[PDB]
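What follows is a short report on a single structure.
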Amino acid sequence: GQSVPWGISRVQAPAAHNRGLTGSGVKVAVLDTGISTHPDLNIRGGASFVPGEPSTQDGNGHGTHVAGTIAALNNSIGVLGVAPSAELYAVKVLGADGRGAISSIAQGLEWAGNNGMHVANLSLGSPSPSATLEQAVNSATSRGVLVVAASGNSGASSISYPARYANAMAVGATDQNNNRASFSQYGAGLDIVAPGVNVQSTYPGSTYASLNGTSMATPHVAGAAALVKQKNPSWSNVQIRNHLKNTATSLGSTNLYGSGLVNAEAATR
Ligand SMILES: [Ca+2]
Ligand SMILES: [Ca+2]
């Protein structure tokens, strides 16, 4: 039997799938700990930039769970992602320990732009800026990639990098009451928010697990971006980003929430 996680229903992704918008023909790169083979996922390819781990398989769990919020398959098992027909690419930039070097994330972003990805999901972040990282964000953006990044989980009133950079779309986390989750970083540069508490998705060992974090909010927006691109295939990364903000539901403070809650129904109208 298949279960629809509350967050998927909260961003109104079934209303888009009822219009025939599933993410088909949109390439989405998940720059994370890898993606493990799973019955409710279809991985099309990828690359690893982690020296001790030449495989794209996930030794952690985090990248698999991210991948499932974006694109868990629409069938009779497991769960359902926002864009269940997106072409999923596993770009391992972080190791089995969740740790990763900035050089690894920056070549992940160069691979994305070199391989014609439409959206790159970075559910990772640092409180410090990096020249290397910002240059990689900018080069993937000028190669048409929409870079979507987590605001961070420290609860502080300023957001992490790369989300703070102008060319990355910054995503915060909400709870089931549409309040800011207490860990969700906010402040200048935050663009939008999405569900990030008690998020059920695909996990290694052909199972399902619940996690909390702005890392779980980010894939809801990466997926909504794939829905808008299949609907509007000529739109650029900036057009898609502004539309998602223009159609988001206001939740209060632009300081806390940016444009508000992503809404895949209103975005594919
Ligand atoms: Ca499924
Ligand atoms: Ca930004």
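Computed from heavy atoms alone, side chains included, the values below leave out hydrogens, waters and symmetry copies. Residues: numbered from 1 along the sequence shown. Both ligands and their constituent atoms are indexed starting at 1 by order of listing.
For the Ca ion (ligand 2), the N/O/S atoms of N167 include none lying under 3.0 Å. Residue contact annotation: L73 places an N/O/S atom under 3.0 Å from the Ca ion (ligand 1). The Ca ion (ligand 2) has no N, O or S atom of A149 inside 3.0 Å of it. Within the 3.0 Å limit, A168 places at least one N, O or S atom next to the Ca ion (ligand 2).
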>> Between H38 and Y208, does the ring pair (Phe, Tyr, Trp, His ring centres under 6.0 Å) criterion hold? Intermediate values first, please.
In response: CA-CA 10 Å; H38 187 108; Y208 309 91; 5.2 Å; yes
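With rounding to the nearest 0.5 Å, the separation of CG in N263 from OG1 in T249 is 4.5 Å.
One finds an angle of 80° at the Ca ion (ligand 1) between O on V79 and OE1 on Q2, to the nearest 10 degrees. Between the O atom of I77 and the OD1 atom of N75, the angle centred on the Ca ion (ligand 1) amounts to 80° when rounded to 10°. The angle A163:O - the Ca ion (ligand 2) - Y165:O amounts to 100°, with values rounded to 10 degrees.
Side-chain atoms of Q2 and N74 include a donor-acceptor pair closer than 3.5 Å. Side-chain contact annotation: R19 with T268, donor-acceptor N/O pair under 3.5 Å present. No donor-acceptor contact under 3.5 angstrom links the side chains of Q185 and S160, judged on distance only.
In this pair, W111 and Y89 present their aromatic rings tilted. The plane angle is within the 30 to 60° band.
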